[PDB]
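Reviewing the structure listed below.
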Amino acid sequence: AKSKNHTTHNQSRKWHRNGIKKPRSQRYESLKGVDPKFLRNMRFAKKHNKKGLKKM
Amino acid sequence: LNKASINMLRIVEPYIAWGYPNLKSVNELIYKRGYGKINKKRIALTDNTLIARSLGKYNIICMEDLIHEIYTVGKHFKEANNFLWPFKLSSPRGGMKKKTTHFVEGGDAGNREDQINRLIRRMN
Amino acid sequence: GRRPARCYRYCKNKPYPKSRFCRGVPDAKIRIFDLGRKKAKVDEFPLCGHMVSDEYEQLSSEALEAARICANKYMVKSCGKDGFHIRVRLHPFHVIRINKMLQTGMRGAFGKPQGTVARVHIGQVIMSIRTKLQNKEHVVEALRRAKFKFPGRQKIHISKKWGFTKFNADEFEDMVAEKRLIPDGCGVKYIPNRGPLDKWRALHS
Amino acid sequence: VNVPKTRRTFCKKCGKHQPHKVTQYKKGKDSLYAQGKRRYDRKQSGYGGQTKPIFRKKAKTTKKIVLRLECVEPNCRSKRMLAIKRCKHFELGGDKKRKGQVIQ
Amino acid sequence: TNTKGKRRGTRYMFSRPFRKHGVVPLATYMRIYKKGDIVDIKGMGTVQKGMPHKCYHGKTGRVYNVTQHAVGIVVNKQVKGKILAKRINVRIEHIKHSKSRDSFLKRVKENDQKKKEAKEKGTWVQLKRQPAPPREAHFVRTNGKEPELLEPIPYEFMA
RNA sequence: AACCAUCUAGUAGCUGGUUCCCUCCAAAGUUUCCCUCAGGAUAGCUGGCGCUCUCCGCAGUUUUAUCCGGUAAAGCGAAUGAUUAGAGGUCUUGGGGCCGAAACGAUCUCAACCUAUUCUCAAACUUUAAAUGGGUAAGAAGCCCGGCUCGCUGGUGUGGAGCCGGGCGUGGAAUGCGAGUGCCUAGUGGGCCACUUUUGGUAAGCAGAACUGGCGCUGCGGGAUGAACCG
RNA sequence: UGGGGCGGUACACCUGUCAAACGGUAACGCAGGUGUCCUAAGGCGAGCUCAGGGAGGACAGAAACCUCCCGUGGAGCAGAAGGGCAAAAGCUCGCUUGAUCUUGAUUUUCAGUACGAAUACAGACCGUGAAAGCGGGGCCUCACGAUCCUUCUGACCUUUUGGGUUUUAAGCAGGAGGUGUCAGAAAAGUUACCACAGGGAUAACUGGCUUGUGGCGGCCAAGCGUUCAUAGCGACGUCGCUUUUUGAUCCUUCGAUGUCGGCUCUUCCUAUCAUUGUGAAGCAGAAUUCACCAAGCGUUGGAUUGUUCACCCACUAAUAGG
RNA sequence: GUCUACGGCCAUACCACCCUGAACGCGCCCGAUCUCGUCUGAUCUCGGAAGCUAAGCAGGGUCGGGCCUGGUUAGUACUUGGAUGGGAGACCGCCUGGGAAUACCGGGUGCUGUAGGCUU
Ligand SMILES: */N=C(\N)N(C)CC[C@H](N)CC(=O)N[C@H]1C=C[C@H](n2ccc(N)nc2=O)O[C@@H]1C(=O)O
Ligand SMILES: [Mg+2]
Ligand SMILES: [Mg+2]
Ligand SMILES: [Mg+2]
Ligand SMILES: [Mg+2]
Ligand SMILES: [Mg+2]
Ligand SMILES: [Mg+2]
Ligand SMILES: [Mg+2]
Ligand SMILES: [Mg+2]
Ligand SMILES: [Mg+2]
Ligand SMILES: [Mg+2]
Ligand SMILES: [Mg+2]
Ligand SMILES: [Mg+2]
Ligand SMILES: [Mg+2]
Ligand SMILES: [Mg+2]
Ligand SMILES: [Mg+2]
Ligand SMILES: [Mg+2]
Ligand SMILES: [Mg+2]
Ligand SMILES: [Mg+2]
Ligand SMILES: [Mg+2]
Ligand SMILES: [Mg+2]
Ligand SMILES: [Mg+2]
Ligand SMILES: [Mg+2]
Ligand SMILES: [Mg+2]
Ligand SMILES: [Mg+2]
Ligand SMILES: [Mg+2]
Ligand SMILES: [Mg+2]
Ligand SMILES: [Mg+2]
Ligand SMILES: [Mg+2]
Ligand SMILES: [Mg+2]
Ligand SMILES: [Mg+2]
Ligand SMILES: [Mg+2]
Ligand SMILES: [Mg+2]
Ligand SMILES: [Zn+2]
């Protein structure tokens, strides 16, 4: 029972019916995978904005 | 016309027949078979009210102003043409020479500058 | 012994020359590719005659051999032992394979080497014959008799070139008198103006 | 291969690098009073024969050699295992190879 | 079946050009990359450490992260029908500032200039780009001599 | 390895059959894993149920900018690798002679080497090198001002990022069009034909791929006749 | 699995090509490799520059050692090939062991799940170097493995049952013992005494397409034929036809197309063995050769072998082929 | 005009050979006591400044080689898409659009940033 091994014949047509959708673009990405030393420091900054509030 | 449009018409040359139409052909087409796209509906261009309601903001109140913009490709072409529903022309009286080939090799496809008018008179 | 030429006519596959990979090849038939009076100056044999192919096909080495031999024989009978120089211009590099059937069957069928053959494009020269313009028709009759070994269709065209050069015959003598071109055995050296000038001095002195 | 017996490396408890005495690892004697052995022996007992599988396709030749790293200072004496790549030949501290020598 | 090796079909891609082997010019290192800067990729054989995978070759993205000597970078890879934005750690040597965005930014700056001026005057300057138009009518002065007559040459067989 | 009944309606990835109308939508024979190749799962394709907004967003498209690419061709007087032909050299050396014992004395030579030339080539050689194509951008998520925080880094109220507060609308290429989103979900996983490129094979209505479209799911006019041809 | 079997491993891996200029792509297609090796062939720093060739010098010689000059890499870097490298990734010295401890993030295969492999950062202790730095194995691209069980190391760690102590066991975290049919059953043969479900997804006859092989036939004319190429032949080469051989293929049928030969019997094809009519001969006659029209009418009796085929005796006008 | 230290682009800057260089620098140059390293104070390290541009370096030169850039090669080869176009096949022609490479013949031979010199 020999049988055909591989093809890519009607695949394009399948993909384009529902569409080659772009990745949902979004402002504000996560900050996952960002150098912890920098991130630590930004966290401490947001923590201490409160102290220098009155001047603003 | 412009580079942007003409390159697409090149890419589909074999399926179309285009050219430079005359004023009378514009009259015949608009007047006889004018149907506007009003509220997503194919409604017949029988009174100017139907135009004033939609295009009053461009001082377009009648068939004539419309013609003027079309022949003089004025400012507000986009709106004037998108208002017009694709023209349902009939089968050509007299016949066609040969659908498959280009005009130069004795066919109908492609740019046949002026002879489009002769073809319109045979199709309308 | 060997097969007919219907099998290896058309340019089907890619070129599969002898190399590192294909070894164990039996040697080609045609080894002496030119003959006549090869030891001969350019000026004495002006007239050239080509045999032009007109089909994108493969000619065998065996036909090259037979045709060379028959042309030699006729020219020997006609124009004597020292009145020409034949030059075959088609070295056969493409290797042809053969699928032998000795119970395995058709599986793993990749051929052993049978032999060589030369690929040809339209307008490529096969043979050339240089002698004087006097013996033009006899050259013609030799090449017309040689057509019958090869297949297809080929035209017999007399060349405009003076011998085996890329320079036309009418302006040639003026160029040689003023020493642009210089004979150098069978070949001929084109002198430009770009070299150093003391060479030009050595030339005219 | 050949590797030297002393190695200077990390200790978790001390926190520093300190010398370690190196020696290769061995399998212990299988305990009779473990849990798995009690379970086997009770299932295998009585009629029914071989209950659990016996592996028979020993394909590959070599092991990963393991090192028992004893710390040298008398307070610690803490050991720890250290794995290495496959090797056929092996030896401890045998003739650290010379350079620029003659062959006989 | 082919193999799924990392450097398959990279005999020529990474090979450095002719008479441009050797040392890497130091601008490459000593130039700076901000966040959100649009950056295009070009592999390089000399440095084997931190090469991107050949698929991302050519692709251009924007920089989401920075380290001592490298940048994480967002690219849109197509797989069987869905695209995936995915992030790659590339050492600097394989990288260039793509200059596509700079001309646009020049045009915004030009419009704010051209709007501040020709504002008080009241002249309405064309801001928009307007596609290549149909060329206008003109006169061809045949000053004197007449057109040279071209004739189709007759055939002649060189070969 | 007898006969009767019971356990027994014993299991089956295998054949076979499976009961009224109309209306609406409408497929696959491909990926990866499996003692998997007459079978499943799993992604893919499909339907139905809805929901959030609409009367700024998106597109199998072009244009303008800007990168990427190493096939066709062409090349060997350029690299690598084969390869034919004659010229000029002296010894950089040698085989047959001949007057020479021999001898780079000479002597005919013919040999290899060196220099300018010349005929022919390359899927696993290439300096050059296209057409078709693949990417990224074409503005409010933007530009420009005024100012706070930092345990990071730093000659420097430096750099960088982050924080607040105001100000600019001709919305910044052509064309078209309503978008987004979440649940549950059956069947299929035996394929095939034609234009072009292409591999094995002498070839085959043969075997194995790419790109696009059809048949299978689809009747019609023509080709007398025909699953795939032309309309 | 181009019927199965026997044979290969294309059953997990890696390089180059095939690939049609992004990437991705198949055949029991091609050319090839792997189940290791390393105490340094790993890690820093300094200093050196290779292959090959030329001219010289006792023994010395084509080839031993010293010296000057040229030397874009023509050598070398453990290994397959491919890419990469010159005050270096090569070669020689000096000191060392980041081949260590530990969280998570990402890339490659991809279902975008795992293993493996690797890349950017971060926190500790270190190494080296005057110092900027560099280093968490081998210049890059391959060298390897789940649950369950056992085993070792680790904390003044938890439980061991009505309470308390102490042995033992069970827990927790991290390595190892191995599954190569490599996402991992624990496994030898025969049936012609045979049995059951099904298969034209799959052979052994016929039928179809192809014609290598076989059979027949053309073109050129170097030579035989005394002579003279072509009366009769025709090499080295080359172009076609046929489907009575043989092979290659699997579209049809496995809920059954009765499978070798002989006997008997009809008709049919022509590529003419003989007869009728005629051309040509190195045809005097006879006998014998080559070719055209032509297939209406004929083409045997027997020994041996299951034989078709083969070989032989005897008559004949002839004992042609399908 | 021109140079030095540190450079960016990395041959219009390289190679070969010939000619000329005012002033300070750059160089060559003479020594080994200490620091330092050698088979050897030649190289490397250190202490001097009588002599000289011979060389290095610079600039110019060569119907030079090369490299860089143009024309020619050529609207050829090749190619996206089309047709009941041809042809026994091989292959070929046309429409619509894109468009190359040698030989050959011309031209060119470093640009420049900071700081500091000489011509006081
Ligand atoms: N026990 C004896 N003596 N014999 C001969 C075997 C009997 C078996 N059981 C029956 C049989 O006939 N076996 C044959 C059948 C066909 C098969 N075969 C035929 C043809 C081809 N091309 N291939 C095949 O495989 O071979 C079997 C055999 O001979 O073993
Ligand atoms: Mg009528
Ligand atoms: Mg082929
Ligand atoms: Mg028992
Ligand atoms: Mg039942
Ligand atoms: Mg039953
Ligand atoms: Mg059945
Ligand atoms: Mg390639
Ligand atoms: Mg080519
Ligand atoms: Mg289901
Ligand atoms: Mg097929
Ligand atoms: Mg099939
Ligand atoms: Mg359909
Ligand atoms: Mg249809
Ligand atoms: Mg018909
Ligand atoms: Mg059609
Ligand atoms: Mg159609
Ligand atoms: Mg099987
Ligand atoms: Mg590719
Ligand atoms: Mg491609
Ligand atoms: Mg660290
Ligand atoms: Mg290495
Ligand atoms: Mg388990
Ligand atoms: Mg398994
Ligand atoms: Mg034959
Ligand atoms: Mg004769
Ligand atoms: Mg079948
Ligand atoms: Mg039946
Ligand atoms: Mg029957
Ligand atoms: Mg006949
Ligand atoms: Mg000295
Ligand atoms: Mg000097
Ligand atoms: Mg020059
Ligand atoms: Zn310790």
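Among rounded, prolate and oblate, which fits chain E when a ≥ b ≥ c are the square roots of the eigenvalues of its C-alpha gyration tensor, a/c under 1.5 means rounded, and a/b larger than b/c means prolate? It is oblate, given that a/c is not under 1.5 and a/b is not larger than b/c. On a 0 to 90 degree scale, rounded to 10, what angle separates helix D:35-44 from the longest Cα axis of chain D? Helix D:35-44 sits at roughly 40 degrees to that axis.
From Cα pairs below 8 angstrom and at least 6 apart in sequence, can you work out the relative contact order of the range E:20-139, rounded to a whole percent?
On the way: 135 pairs, mean separation 25.7, N = 120.
Reported relative contact order: 21 percent.
Enclosing the Cα atoms of chain D in their convex hull gives a volume equal to 207 cubic angstrom per residue. Compute the long axis of helix B:23-33 from its Cα atoms, compare it with the longest principal axis of the Cα atoms of chain B, and write down the angle in degrees, 0 to 90, nearest 10. That works out to roughly 70 degrees. With one equal scatterer per alpha carbon and no solvent term, the Debye-computed log10 I(q)/I(0) for the protein assembly as shown at 0.06 1/Å reads -0.96. Tell me whether chain C comes out rounded, prolate or oblate; compute the Cα gyration tensor, take square roots of the eigenvalues as a ≥ b ≥ c, and use a/c under 1.5 as the rounded threshold. Prolate, because a/c is 1.5 or more and a/b exceeds b/c. Here the range D:25-95 and the range C:130-179 have alpha carbon centers that stand 90 Å from each other.
Cα centroid distance between chain A and the range C:4-81, in Å? So the two Cα centres are separated by 68 Å. Measure nothing fancy, just the Cα-based angle from helix E:100-116's long axis to the longest principal axis of chain E, in degrees from 0 to 90, nearest 10. Helix E:100-116 sits at roughly 60 degrees to that axis.
Centroid-to-centroid, using Cα positions, the range E:116-159 and the range E:1-65 are 44 Å apart. What FRET efficiency comes out for A:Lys51 versus E:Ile32 if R0 is 35 angstrom and r is the Cβ-Cβ distance? Round to the nearest 0.05. For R0 = 35 Å, the calculated efficiency reads 0.60.
Label-to-label distance for C:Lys77 and D:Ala34 is 10.2 nm, based on points extended 7 Å past Cα in the beta-carbon direction.
None of the figures in this text is laboratory data; all of them are computed from the coordinates on show. Here Cβ is always computed from backbone atoms with ideal geometry, including for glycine, and neighbour counts include all displayed protein chains.
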